[PDB]
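Inspection log for the structure reproduced underneath, given as structure tokens.
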Amino acid sequence: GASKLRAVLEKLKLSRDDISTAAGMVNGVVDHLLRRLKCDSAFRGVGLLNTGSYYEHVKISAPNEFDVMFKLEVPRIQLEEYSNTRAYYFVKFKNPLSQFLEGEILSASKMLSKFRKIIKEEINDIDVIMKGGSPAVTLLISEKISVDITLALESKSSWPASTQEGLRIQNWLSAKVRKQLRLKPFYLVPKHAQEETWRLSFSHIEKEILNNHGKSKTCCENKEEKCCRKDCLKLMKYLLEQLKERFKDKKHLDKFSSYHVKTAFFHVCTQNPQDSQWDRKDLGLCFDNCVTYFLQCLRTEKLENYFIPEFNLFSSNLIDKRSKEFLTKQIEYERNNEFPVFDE
DNA sequence: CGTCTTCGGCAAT
DNA sequence: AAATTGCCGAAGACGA
Ligand SMILES: Nc1ncnc2c1ncn2[C@@H]1O[C@H](COP(=O)(O)OP(=O)(O)OP(=O)(O)O)[C@@H](O)[C@H]1O
Ligand SMILES: [Mg+2]
Ligand SMILES: [Mg+2]
Ligand SMILES: [Zn+2]
């Protein structure tokens with residue numbers, strides 16, 4: 001019901017007064033931590049990269065969770081793939097970060113220790129409190145707003161071989177745009193699989209795609225070309241959020257995150273490259289495409305990382321089969337009854 | 001649809 | 001020498 005879905009999206013609209021107060025609190029704390037980190041020899045070339053739903057304009061309910069990425073431009077990087085995970089690597093150099101070296105590989109553990117320590121020493125100074133390595137630190141500002149701070153290495157090199165067949169946007173955002181996007185740097189965040197591994201990150205490309213998302217260059221720039229891509233992502237994020245809360249006493253949905261929904265959404269955009277396939281009048285049909293695709297990923301236990309096709313976010317090593325069947329069962333029930341979790 | 005606010009980039013310090 | 005910063009304009013809440 002497109003009429004009901006529009007009512008849900010109004011409920012999910014952020015308060016501009018809340019945005020102004022929340023952004024002010026986040027920026028003040030983030031700018032403070034950047035100034036301190038820029039004073040350290042190791043974090044000398046640190047820079048800010050705003051990531052996540054808020055800066056992608058797909059945050060729902062309230063601006064209570066922010067995601068920032070503190071990126072270091074590292075030089076002469078040499079990646080070594082860990083096992084055959086296609087997404088986790090060991091970092092080597094072909095310098096400031098010499099202190100974090102353990103042998104010849106860059107220690108994500110050591111680098112995370114100084115990162116957390118410098119931030120923790122600076123957070124006790126401030127009405128903010130600090131709480132698998134990525135995000136490095138989670139701040140709670142005034143008991144209302146949480147900010148995930150992710151340490152990240154910036155490599156301006158060509159993307160690793162595992163991403164060769166990823167970012168399949170040629171028939172959607174154009175091969176010209178895929179060439180320019182893959183020219184931008186890629187990022188490595190400390191994530192353990194072994195605690196000295198780094199995981200590939202493309203949150204900057206995800207933000208850029210979401211804010212320049214149409215086949216048409218003028219998509220969502222005027223009233224005539226308002227698509228419902230972001231509305232469908234919001235509805236999918238809310239559906240998973242309401243289900244995880246409804247079944248929080250059970251532990252099945254604890255492994256599911258909004259990134260699974262966001263990754264699945266990018267795949268639906270590849271499957272439906274035209275803006276006419278995302279017309280505002282067809283919000284219920286477009287949302288059902290996102291639901292139908294997400295059910296297919298659950299049932300087949302296959303949800304490829306949008307940038308690393310061989311990395312399966314729904315792998316059996318990552319999520320239990322009973323968790324996928326449970327979420328499959330609940331989504332099918334929810335769809336067959338006009339999504340009761342939206343009313344709550 | 002005009003107004004106001006925030007965010008992102010990068011010449012110019 | 002290279003990190004900082006002010007500013008322009010899009011995105012989107014908001015109302016009338
Ligand atoms: N498993 C993952 N693999 C790769 N990148 C991830 C993963 N989880 C999160 N990210 C990156 O971190 C960012 C923030 O993720 P987070 O878990 O905070 O949710 P989100 O995308 O911000 O949406 P919301 O916070 O509203 O649920 C994402 O935009 C994504 O780019
Ligand atoms: Mg977020
Ligand atoms: Mg997070
Ligand atoms: Zn659009």
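How things are named: the first chain in the structure tokens is A, the next is B, and so on; residues count from 1 in each chain; ligands count from 1 in the order shown.
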
**Asked** Excluding same-chain residues fewer than 3 positions from segment 3-10 of chain C, what lies within 10 Å of it counting only C-alpha atoms (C1' of nucleotides), as a PyMOL selection string?
**Response** (chain A and resi 38+44-45+211+221) or (chain B and resi 7-8+12-13)

Taking a cut-off of 7 Å and counting only C-alpha atoms and all ligand atoms, can you build a table that, for each residue of chain A near ligand 2, reports the nearest atom pair and how far apart they are in Å (one decimal), sorted by chain then residue number, as a tab-separated table?
```
residue	atom	partner	partner_atom_place_in_ligand_line	distance
A:52	CA	ligand 2	1 (Mg)	4.5
A:53	CA	ligand 2	1 (Mg)	4.7
A:54	CA	ligand 2	1 (Mg)	6.1
A:65	CA	ligand 2	1 (Mg)	5.1
A:66	CA	ligand 2	1 (Mg)	5.0
A:67	CA	ligand 2	1 (Mg)	5.1
```

Keeping N, CA, C and O atoms, export the residues of the selection given above as a CSV table (one decimal), in the first residue's frame.
```csv
chain,number,residue,atom,x,y,z
A,52,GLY,N,28.0,6.8,6.5
A,52,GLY,CA,26.8,6.3,7.1
A,52,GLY,C,25.6,6.9,6.7
A,52,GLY,O,25.5,7.8,5.8
A,53,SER,N,24.5,6.5,7.3
A,53,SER,CA,23.1,6.9,6.9
A,53,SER,C,22.9,8.4,7.0
A,53,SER,O,22.2,9.0,6.1
A,54,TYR,N,23.4,9.0,8.0
A,54,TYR,CA,23.1,10.4,8.3
A,54,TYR,C,23.6,11.3,7.1
A,54,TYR,O,22.9,12.1,6.5
A,65,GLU,N,22.5,8.5,15.6
A,65,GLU,CA,23.7,7.6,15.4
A,65,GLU,C,24.5,8.2,14.2
A,65,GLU,O,23.9,8.3,13.1
A,66,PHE,N,25.7,8.6,14.4
A,66,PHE,CA,26.6,9.2,13.4
A,66,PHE,C,27.8,8.3,13.2
A,66,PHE,O,28.2,7.6,14.1
A,67,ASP,N,28.3,8.3,11.9
A,67,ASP,CA,29.4,7.4,11.6
A,67,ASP,C,30.4,8.3,10.9
A,67,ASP,O,30.2,8.9,9.8
```

**Request:** Extract, using only C-alpha atoms (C1' of nucleotides), all DNA, RNA and protein residues at most 10 Å from residue 20 of chain A, discarding same-chain residues fewer than 6 positions from it, and format them as a PyMOL selection string.
**Result:** (chain A and resi 63) or (chain B and resi 5-6)

Quick one: contact table of chain A to ligand 4, 12 Å max, nearest atom pair and distance in Å to one decimal per residue, counting only C-alpha atoms and all ligand atoms, chain and number order, as a Markdown table?
```
| residue | atom | partner | partner_atom_place_in_ligand_line | distance |
| --- | --- | --- | --- | --- |
| A:173 | CA | ligand 4 | 1 (Zn) | 11.7 |
| A:209 | CA | ligand 4 | 1 (Zn) | 10.8 |
| A:210 | CA | ligand 4 | 1 (Zn) | 8.9 |
| A:211 | CA | ligand 4 | 1 (Zn) | 8.5 |
| A:212 | CA | ligand 4 | 1 (Zn) | 7.8 |
| A:213 | CA | ligand 4 | 1 (Zn) | 6.0 |
| A:214 | CA | ligand 4 | 1 (Zn) | 5.2 |
| A:215 | CA | ligand 4 | 1 (Zn) | 8.5 |
| A:216 | CA | ligand 4 | 1 (Zn) | 8.3 |
| A:217 | CA | ligand 4 | 1 (Zn) | 9.2 |
| A:218 | CA | ligand 4 | 1 (Zn) | 8.0 |
| A:219 | CA | ligand 4 | 1 (Zn) | 4.3 |
| A:220 | CA | ligand 4 | 1 (Zn) | 4.1 |
| A:221 | CA | ligand 4 | 1 (Zn) | 7.7 |
| A:222 | CA | ligand 4 | 1 (Zn) | 9.4 |
| A:223 | CA | ligand 4 | 1 (Zn) | 10.3 |
| A:224 | CA | ligand 4 | 1 (Zn) | 10.3 |
| A:225 | CA | ligand 4 | 1 (Zn) | 6.7 |
| A:226 | CA | ligand 4 | 1 (Zn) | 5.3 |
| A:227 | CA | ligand 4 | 1 (Zn) | 4.1 |
| A:228 | CA | ligand 4 | 1 (Zn) | 6.5 |
| A:229 | CA | ligand 4 | 1 (Zn) | 6.2 |
| A:230 | CA | ligand 4 | 1 (Zn) | 7.6 |
| A:231 | CA | ligand 4 | 1 (Zn) | 9.7 |
| A:232 | CA | ligand 4 | 1 (Zn) | 11.2 |
| A:269 | CA | ligand 4 | 1 (Zn) | 11.1 |
| A:273 | CA | ligand 4 | 1 (Zn) | 11.3 |
| A:274 | CA | ligand 4 | 1 (Zn) | 10.1 |
| A:275 | CA | ligand 4 | 1 (Zn) | 7.0 |
| A:276 | CA | ligand 4 | 1 (Zn) | 9.9 |
| A:277 | CA | ligand 4 | 1 (Zn) | 10.7 |
| A:278 | CA | ligand 4 | 1 (Zn) | 7.8 |
| A:279 | CA | ligand 4 | 1 (Zn) | 8.7 |
| A:280 | CA | ligand 4 | 1 (Zn) | 9.3 |
```

**Message:** Counting only C-alpha atoms (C1' of nucleotides) and all ligand atoms, what are the residues, protein, DNA or RNA alike, that approach ligand 3 to within 10 Å? I want them as a ChimeraX atom specification.
**Reply:** /A:51-53,65-68,134-138,146-150,257-259

Writer output for current selection, C-alpha atoms, as a PDB file, in the first residue's frame:
```pdb
ATOM      1  CA  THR A  51      30.071   8.069   6.295  1.00  0.00           C
ATOM      2  CA  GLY A  52      26.850   6.280   7.129  1.00  0.00           C
ATOM      3  CA  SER A  53      23.136   6.879   6.869  1.00  0.00           C
ATOM      4  CA  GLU A  65      23.718   7.640  15.361  1.00  0.00           C
ATOM      5  CA  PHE A  66      26.563   9.205  13.376  1.00  0.00           C
ATOM      6  CA  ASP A  67      29.389   7.422  11.557  1.00  0.00           C
ATOM      7  CA  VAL A  68      32.718   9.158  10.964  1.00  0.00           C
ATOM      8  CA  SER A 134      35.908  -1.319  13.590  1.00  0.00           C
ATOM      9  CA  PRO A 135      34.295   0.996  14.669  1.00  0.00           C
ATOM     10  CA  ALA A 136      37.317   1.750  16.849  1.00  0.00           C
ATOM     11  CA  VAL A 137      35.491   3.982  19.345  1.00  0.00           C
ATOM     12  CA  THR A 138      31.821   4.684  20.043  1.00  0.00           C
ATOM     13  CA  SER A 146      26.044   7.909  19.503  1.00  0.00           C
ATOM     14  CA  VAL A 147      28.999   8.465  17.160  1.00  0.00           C
ATOM     15  CA  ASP A 148      30.964   5.571  15.657  1.00  0.00           C
ATOM     16  CA  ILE A 149      34.583   6.557  14.963  1.00  0.00           C
ATOM     17  CA  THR A 150      36.405   4.271  12.531  1.00  0.00           C
ATOM     18  CA  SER A 257      22.557  -5.134  10.383  1.00  0.00           C
ATOM     19  CA  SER A 258      21.378  -2.229   8.254  1.00  0.00           C
ATOM     20  CA  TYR A 259      24.425  -2.722   6.015  1.00  0.00           C
TER      21      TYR A 259
END
```

**Message:** I need the chain A residues near chain C as a count of residues only; criterion: at most 8 Å, counting only C-alpha atoms (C1' of nucleotides).
**Reply:** 3

I want to know what sits within 12 Å of residue 271 of chain A, based on only C-alpha atoms (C1' of nucleotides), with residues of the same chain fewer than 3 positions away left out; could you give that as a PDB file with C-alpha atoms, in the first residue's frame?
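Below is the file around_17.pdb, written as the result:
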```pdb
ATOM      1  CA  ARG A 168      28.551  -3.167 -11.279  1.00  0.00           C
ATOM      2  CA  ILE A 169      27.004   0.220 -12.060  1.00  0.00           C
ATOM      3  CA  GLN A 170      27.784   0.370 -15.793  1.00  0.00           C
ATOM      4  CA  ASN A 171      24.180   0.084 -16.980  1.00  0.00           C
ATOM      5  CA  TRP A 172      22.973   2.252 -14.062  1.00  0.00           C
ATOM      6  CA  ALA A 264      20.874  -5.452  -0.911  1.00  0.00           C
ATOM      7  CA  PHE A 265      19.469  -2.062  -1.929  1.00  0.00           C
ATOM      8  CA  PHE A 266      22.497  -1.320  -4.119  1.00  0.00           C
ATOM      9  CA  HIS A 267      21.939  -4.665  -5.854  1.00  0.00           C
ATOM     10  CA  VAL A 268      18.285  -3.810  -6.518  1.00  0.00           C
ATOM     11  CA  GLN A 274      16.291   3.205 -14.919  1.00  0.00           C
ATOM     12  CA  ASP A 275      14.731   6.062 -12.962  1.00  0.00           C
ATOM     13  CA  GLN A 277      11.796   1.810 -12.489  1.00  0.00           C
ATOM     14  CA  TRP A 278      11.910   3.970  -9.328  1.00  0.00           C
ATOM     15  CA  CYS A 286       9.647  -0.537  -5.696  1.00  0.00           C
ATOM     16  CA  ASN A 289      11.328  -5.272  -5.191  1.00  0.00           C
ATOM     17  CA  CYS A 290      13.664  -4.517  -2.282  1.00  0.00           C
ATOM     18  CA  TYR A 293      15.386  -9.349  -3.412  1.00  0.00           C
TER      19      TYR A 293
END
```

Interface list for chain A, partner chain B, 10 Å threshold, only C-alpha atoms (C1' of nucleotides), as a PDB file with N, CA, C and O atoms, in the first residue's frame:
```pdb
ATOM      1  N   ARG A  16      14.310  18.916  11.731  1.00  0.00           N
ATOM      2  CA  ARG A  16      15.394  19.825  11.368  1.00  0.00           C
ATOM      3  C   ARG A  16      15.977  20.516  12.592  1.00  0.00           C
ATOM      4  O   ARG A  16      17.174  20.828  12.617  1.00  0.00           O
ATOM      5  N   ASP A  17      15.155  20.764  13.614  1.00  0.00           N
ATOM      6  CA  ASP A  17      15.686  21.261  14.877  1.00  0.00           C
ATOM      7  C   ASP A  17      16.567  20.216  15.550  1.00  0.00           C
ATOM      8  O   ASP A  17      17.615  20.551  16.114  1.00  0.00           O
ATOM      9  N   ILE A  19      18.222  17.873  13.925  1.00  0.00           N
ATOM     10  CA  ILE A  19      19.423  17.806  13.098  1.00  0.00           C
ATOM     11  C   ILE A  19      20.392  18.919  13.471  1.00  0.00           C
ATOM     12  O   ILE A  19      21.599  18.691  13.609  1.00  0.00           O
ATOM     13  N   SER A  20      19.879  20.138  13.653  1.00  0.00           N
ATOM     14  CA  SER A  20      20.753  21.273  13.934  1.00  0.00           C
ATOM     15  C   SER A  20      21.451  21.116  15.279  1.00  0.00           C
ATOM     16  O   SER A  20      22.646  21.413  15.404  1.00  0.00           O
ATOM     17  N   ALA A  23      23.845  17.808  14.896  1.00  0.00           N
ATOM     18  CA  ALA A  23      25.029  18.066  14.084  1.00  0.00           C
ATOM     19  C   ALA A  23      26.007  18.976  14.812  1.00  0.00           C
ATOM     20  O   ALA A  23      27.224  18.775  14.741  1.00  0.00           O
ATOM     21  N   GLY A  24      25.493  19.982  15.524  1.00  0.00           N
ATOM     22  CA  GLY A  24      26.371  20.862  16.276  1.00  0.00           C
ATOM     23  C   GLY A  24      27.147  20.128  17.353  1.00  0.00           C
ATOM     24  O   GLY A  24      28.337  20.377  17.554  1.00  0.00           O
ATOM     25  N   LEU A  49      36.338  11.787   7.007  1.00  0.00           N
ATOM     26  CA  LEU A  49      35.469  11.266   5.957  1.00  0.00           C
ATOM     27  C   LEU A  49      34.152  10.866   6.608  1.00  0.00           C
ATOM     28  O   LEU A  49      34.090   9.858   7.321  1.00  0.00           O
ATOM     29  N   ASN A  50      33.108  11.655   6.373  1.00  0.00           N
ATOM     30  CA  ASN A  50      31.807  11.391   6.970  1.00  0.00           C
ATOM     31  C   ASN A  50      31.081  10.304   6.189  1.00  0.00           C
ATOM     32  O   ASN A  50      30.898  10.415   4.972  1.00  0.00           O
ATOM     33  N   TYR A  55      24.904  11.102   6.755  1.00  0.00           N
ATOM     34  CA  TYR A  55      25.496  11.863   5.663  1.00  0.00           C
ATOM     35  C   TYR A  55      25.062  11.360   4.293  1.00  0.00           C
ATOM     36  O   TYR A  55      25.295  12.049   3.294  1.00  0.00           O
TER      37      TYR A  55
END
```

**Prompt:** Could you name the residues that touch residue 93 of chain A at 6 Å or less, counting only C-alpha atoms (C1' of nucleotides), but leaving out those on the same chain fewer than 4 positions away, as a PyMOL selection string?
**Reply:** chain A and resi 76-78

**Message:** Under the rule that only C-alpha atoms and all ligand atoms are counted, which of A:253, A:33, A:181, A:236 is the nearest residue to ligand 1?
**Reply:** A:236

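With distances taken over only C-alpha atoms and all ligand atoms, A:193 is the one residue among A:119, A:193, A:34, A:130 lying closest to ligand 1.
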
**Prompt:** Do you have the atom CA of residue 198 of chain A-atom CA of residue 112 of chain A distance handy?
**Reply:** 11.3 Å

**Counting only C-alpha atoms and all ligand atoms, the residue of A:242, A:21, A:109, A:142 that sits nearest ligand 1** = A:242

Taking only segment 90-182 of chain A into account, list the residues labelled strand (DSSP E or B) by DSSP (computed from the backbone), as a short mmCIF file (atom, residue, chain, number, x, y, z; two decimals) with C-alpha atoms, in the first residue's frame.
```cif
data_model
loop_
_atom_site.label_atom_id
_atom_site.label_comp_id
_atom_site.auth_asym_id
_atom_site.auth_seq_id
_atom_site.Cartn_x
_atom_site.Cartn_y
_atom_site.Cartn_z
CA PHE A 90 47.56 -7.72 5.87
CA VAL A 91 49.12 -4.27 5.41
CA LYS A 92 52.75 -3.88 4.32
CA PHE A 93 54.94 -1.03 3.05
CA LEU A 101 54.95 -2.33 12.66
CA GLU A 102 54.99 -5.88 14.02
CA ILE A 105 53.01 -6.04 8.73
CA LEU A 106 51.15 -3.04 10.13
CA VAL A 128 30.71 12.79 26.31
CA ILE A 129 31.72 9.24 27.26
CA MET A 130 33.56 6.54 25.32
CA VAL A 137 35.49 3.98 19.34
CA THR A 138 31.82 4.68 20.04
CA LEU A 139 30.97 7.99 21.73
CA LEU A 140 27.74 8.75 23.58
CA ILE A 141 27.05 12.49 23.53
CA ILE A 145 23.58 10.70 20.32
CA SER A 146 26.04 7.91 19.50
CA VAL A 147 29.00 8.46 17.16
CA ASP A 148 30.96 5.57 15.66
CA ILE A 149 34.58 6.56 14.96
CA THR A 150 36.41 4.27 12.53
CA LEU A 151 40.15 4.26 12.01
CA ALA A 152 40.97 3.92 8.33
CA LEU A 153 44.01 3.79 6.07
CA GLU A 154 43.76 5.64 2.75
CA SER A 155 45.43 4.02 -0.25
#
```

**Message:** Taking only segment 287-332 of chain A into account, list the residues labelled helix (DSSP H, G or I) by DSSP (computed from the backbone), as an MDAnalysis selection string.
**Reply:** chainID A and resid 287:300 321:332

File dump, residues just selected, N, CA and C atoms, as a PDB file, in the first residue's frame:
```pdb
ATOM      1  N   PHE A 287       9.307  -0.813  -3.295  1.00  0.00           N
ATOM      2  CA  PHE A 287       9.630  -1.360  -1.983  1.00  0.00           C
ATOM      3  C   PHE A 287       9.518  -2.877  -1.981  1.00  0.00           C
ATOM      4  N   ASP A 288       8.550  -3.420  -2.721  1.00  0.00           N
ATOM      5  CA  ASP A 288       8.408  -4.869  -2.783  1.00  0.00           C
ATOM      6  C   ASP A 288       9.558  -5.507  -3.548  1.00  0.00           C
ATOM      7  N   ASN A 289      10.113  -4.798  -4.536  1.00  0.00           N
ATOM      8  CA  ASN A 289      11.328  -5.272  -5.191  1.00  0.00           C
ATOM      9  C   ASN A 289      12.457  -5.431  -4.183  1.00  0.00           C
ATOM     10  N   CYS A 290      12.624  -4.439  -3.303  1.00  0.00           N
ATOM     11  CA  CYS A 290      13.664  -4.517  -2.282  1.00  0.00           C
ATOM     12  C   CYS A 290      13.386  -5.646  -1.299  1.00  0.00           C
ATOM     13  N   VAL A 291      12.117  -5.841  -0.935  1.00  0.00           N
ATOM     14  CA  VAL A 291      11.760  -6.938  -0.043  1.00  0.00           C
ATOM     15  C   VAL A 291      11.960  -8.279  -0.738  1.00  0.00           C
ATOM     16  N   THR A 292      11.531  -8.385  -1.998  1.00  0.00           N
ATOM     17  CA  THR A 292      11.659  -9.649  -2.717  1.00  0.00           C
ATOM     18  C   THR A 292      13.121 -10.031  -2.905  1.00  0.00           C
ATOM     19  N   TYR A 293      13.968  -9.057  -3.246  1.00  0.00           N
ATOM     20  CA  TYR A 293      15.386  -9.349  -3.412  1.00  0.00           C
ATOM     21  C   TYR A 293      16.020  -9.762  -2.092  1.00  0.00           C
ATOM     22  N   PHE A 294      15.655  -9.085  -1.001  1.00  0.00           N
ATOM     23  CA  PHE A 294      16.245  -9.406   0.294  1.00  0.00           C
ATOM     24  C   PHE A 294      15.826 -10.795   0.758  1.00  0.00           C
ATOM     25  N   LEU A 295      14.592 -11.199   0.451  1.00  0.00           N
ATOM     26  CA  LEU A 295      14.168 -12.560   0.758  1.00  0.00           C
ATOM     27  C   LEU A 295      14.973 -13.578  -0.039  1.00  0.00           C
ATOM     28  N   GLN A 296      15.270 -13.268  -1.303  1.00  0.00           N
ATOM     29  CA  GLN A 296      16.072 -14.174  -2.120  1.00  0.00           C
ATOM     30  C   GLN A 296      17.467 -14.355  -1.537  1.00  0.00           C
ATOM     31  N   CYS A 297      18.048 -13.283  -0.992  1.00  0.00           N
ATOM     32  CA  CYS A 297      19.364 -13.398  -0.371  1.00  0.00           C
ATOM     33  C   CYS A 297      19.303 -14.252   0.888  1.00  0.00           C
ATOM     34  N   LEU A 298      18.258 -14.071   1.698  1.00  0.00           N
ATOM     35  CA  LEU A 298      18.093 -14.879   2.901  1.00  0.00           C
ATOM     36  C   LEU A 298      17.914 -16.351   2.554  1.00  0.00           C
ATOM     37  N   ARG A 299      17.030 -16.645   1.597  1.00  0.00           N
ATOM     38  CA  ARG A 299      16.710 -18.033   1.284  1.00  0.00           C
ATOM     39  C   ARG A 299      17.898 -18.755   0.663  1.00  0.00           C
ATOM     40  N   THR A 300      18.614 -18.092  -0.243  1.00  0.00           N
ATOM     41  CA  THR A 300      19.768 -18.690  -0.900  1.00  0.00           C
ATOM     42  C   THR A 300      21.058 -18.507  -0.116  1.00  0.00           C
ATOM     43  N   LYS A 321      21.897 -20.439   9.846  1.00  0.00           N
ATOM     44  CA  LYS A 321      20.793 -20.715   8.932  1.00  0.00           C
ATOM     45  C   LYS A 321      19.448 -20.459   9.599  1.00  0.00           C
ATOM     46  N   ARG A 322      19.331 -20.793  10.888  1.00  0.00           N
ATOM     47  CA  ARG A 322      18.086 -20.552  11.607  1.00  0.00           C
ATOM     48  C   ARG A 322      17.783 -19.065  11.724  1.00  0.00           C
ATOM     49  N   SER A 323      18.818 -18.224  11.793  1.00  0.00           N
ATOM     50  CA  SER A 323      18.590 -16.783  11.825  1.00  0.00           C
ATOM     51  C   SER A 323      18.040 -16.288  10.495  1.00  0.00           C
ATOM     52  N   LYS A 324      18.566 -16.811   9.384  1.00  0.00           N
ATOM     53  CA  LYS A 324      18.080 -16.405   8.071  1.00  0.00           C
ATOM     54  C   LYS A 324      16.668 -16.917   7.824  1.00  0.00           C
ATOM     55  N   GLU A 325      16.383 -18.154   8.237  1.00  0.00           N
ATOM     56  CA  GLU A 325      15.039 -18.696   8.072  1.00  0.00           C
ATOM     57  C   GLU A 325      14.039 -17.970   8.962  1.00  0.00           C
ATOM     58  N   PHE A 326      14.473 -17.538  10.149  1.00  0.00           N
ATOM     59  CA  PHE A 326      13.587 -16.786  11.032  1.00  0.00           C
ATOM     60  C   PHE A 326      13.225 -15.441  10.418  1.00  0.00           C
ATOM     61  N   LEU A 327      14.232 -14.700   9.947  1.00  0.00           N
ATOM     62  CA  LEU A 327      13.968 -13.410   9.319  1.00  0.00           C
ATOM     63  C   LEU A 327      13.184 -13.582   8.025  1.00  0.00           C
ATOM     64  N   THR A 328      13.469 -14.650   7.275  1.00  0.00           N
ATOM     65  CA  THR A 328      12.674 -14.958   6.091  1.00  0.00           C
ATOM     66  C   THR A 328      11.214 -15.172   6.464  1.00  0.00           C
ATOM     67  N   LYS A 329      10.972 -15.930   7.535  1.00  0.00           N
ATOM     68  CA  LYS A 329       9.605 -16.221   7.954  1.00  0.00           C
ATOM     69  C   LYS A 329       8.878 -14.954   8.389  1.00  0.00           C
ATOM     70  N   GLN A 330       9.555 -14.097   9.159  1.00  0.00           N
ATOM     71  CA  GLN A 330       8.903 -12.899   9.680  1.00  0.00           C
ATOM     72  C   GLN A 330       8.623 -11.886   8.576  1.00  0.00           C
ATOM     73  N   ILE A 331       9.561 -11.717   7.641  1.00  0.00           N
ATOM     74  CA  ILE A 331       9.353 -10.764   6.554  1.00  0.00           C
ATOM     75  C   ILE A 331       8.189 -11.205   5.678  1.00  0.00           C
ATOM     76  N   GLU A 332       8.091 -12.507   5.411  1.00  0.00           N
ATOM     77  CA  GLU A 332       6.979 -13.006   4.611  1.00  0.00           C
ATOM     78  C   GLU A 332       5.651 -12.793   5.323  1.00  0.00           C
TER      79      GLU A 332
END
```
